[PDB]
Each structure stands twice: as structure tokens, then as C-alpha cells.
Amino acid sequence: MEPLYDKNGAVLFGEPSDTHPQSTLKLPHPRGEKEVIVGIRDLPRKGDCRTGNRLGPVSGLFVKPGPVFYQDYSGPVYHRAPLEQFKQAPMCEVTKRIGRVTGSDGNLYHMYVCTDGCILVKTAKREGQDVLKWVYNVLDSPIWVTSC
Ligand SMILES: [Ir+3]
Ligand SMILES: [Ir+3]
Ligand SMILES: [O-]
């Protein structure tokens, strides 16, 4: 299974991997001043990183199924989409584009939020295309989608 990372960037199990260079997650990077939940209408800005915003500190954008969005998070997170927890699906009606995530397969995916509330990824590179929905969350932990 795909490893989780602590807020110092240390792998909590398994072996560490690096993120895709074209991911919106840029490491290394601090986080974890507070766990800050936000609404999808309220997703943080580039502008918000050093200041924070009215809702609190901002280390970027985290997401897990629900959907639940966060602008900072302190506990274990994925740095790559745990694709063993995703299943092939037809493209959905997208409500929001939220970033460019590394897959546990090492590829780059665009990540979207669907109108049905599902989190969906679709291969970013030309060729070898896939469409997948985040269906299981056995460690109930978010992906760190973007760093500010
Ligand atoms: Ir949009
Ligand atoms: Ir994009
Ligand atoms: O920012």
C-alpha cells in the first residue's frame, strides 16, 4: 500500500517516493500549524501561504473523500494518490479543478471534484490515459494536493 508521511516529510511506513516535478505539491515544505477544514467555496489562495487567511494558517490544499477539504493539516498525509484505493470510472461533470497530483504509479494526474462529490483523477500526460475515482479511504487520511 501507498505510504503516509508526517508533517516533517518523514515516511511513516514503507519507502519514500518523490513527487512528480510538475505536481502542484512542491517538497520539501512545512505544514501542520493547525488542522483547518474549509468549504469548497472557500479553498485557499496563492496569496494565503505566509499570512494565512481569516480561517487560519495555510500550507496549501489537502483533500479526502467526503469530500473534505483542508488548508492545513497536521496528521499523516499522502504525497501521492493511493491508486489501489481508486477504481476506473467514466468522466464526471466537474465542479472544481483542484490540482495536479502524483499517482502512486509515479504519473501526473489532474484532480477534480465531481458534482456527485467524488474526487476523480485523470492522467495528465498524453497516452496511457485513465479516469479514476477515489472510492476507498482505509487510512482516512488526505492527499496533500498543492503546497503554497
Ligand atoms: Ir473551475
Ligand atoms: Ir490544470
Ligand atoms: O500564497
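Rank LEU55, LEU25, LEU120 by mean-square fluctuation in a GNM of the chain with C-alpha springs under 10 angstrom and give only the top-ranked residue. The residue with the greatest mean-square fluctuation here is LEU55.
Select from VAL68, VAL138, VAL101 the residue whose mean-square fluctuation is largest in a Gaussian network model of the chain (Cα-Cα springs shorter than 10 Å). Fluctuation is largest for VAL138. Looking at segment 69-148, the GluC sites (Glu not before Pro) that sit in a DSSP loop and have at most 11 other Cβ atoms within 10 Å of their own Cβ are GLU93, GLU127. With a ≥ b ≥ c taken as the square roots of the eigenvalues of the C-alpha gyration tensor of the chain, please select rounded if a/c is under 1.5 and otherwise prolate if a/b is larger than b/c or oblate if it is not? Oblate, since a/c reaches 1.5 and b/c is not below a/b. Only residues of segment 57-75 count here: report those whose backbone N is under 19 Å from the spot 7 Å along Cα→Cβ of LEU12, or say none. Correct set: 59-66, 68-75.
Looking at segment 80-136 only, what percent of DSSP beta bridges run antiparallel? Nearest 5 please. The antiparallel proportion sits near 95 percent. Each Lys and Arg contributes +1 and each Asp and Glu -1, all at the Cβ; summed about the Cα centre of segment 80-136, the dipole is approximately 200 debye.
With Cα atoms as the point set, segment 80-136 shows a radius of gyration and Dmax of 10.1, 27 Å. Between segment 1-61 and segment 85-117, how many Å separate their Cα centres? Result: 18 Å between the Cα centres. Among the trypsin sites (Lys or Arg not before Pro) within segment 1-67, those in coil by DSSP and having at most 12 neighbouring Cβ atoms inside 10 Å are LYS26, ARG45, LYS46, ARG50, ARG54.
Don't worry about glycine lacking a Cβ; one is built from the backbone with ideal geometry, like all the others, and counts go over all protein chains shown. All of the numbers you see were taken from the coordinates with simple rules; none came from a lab.
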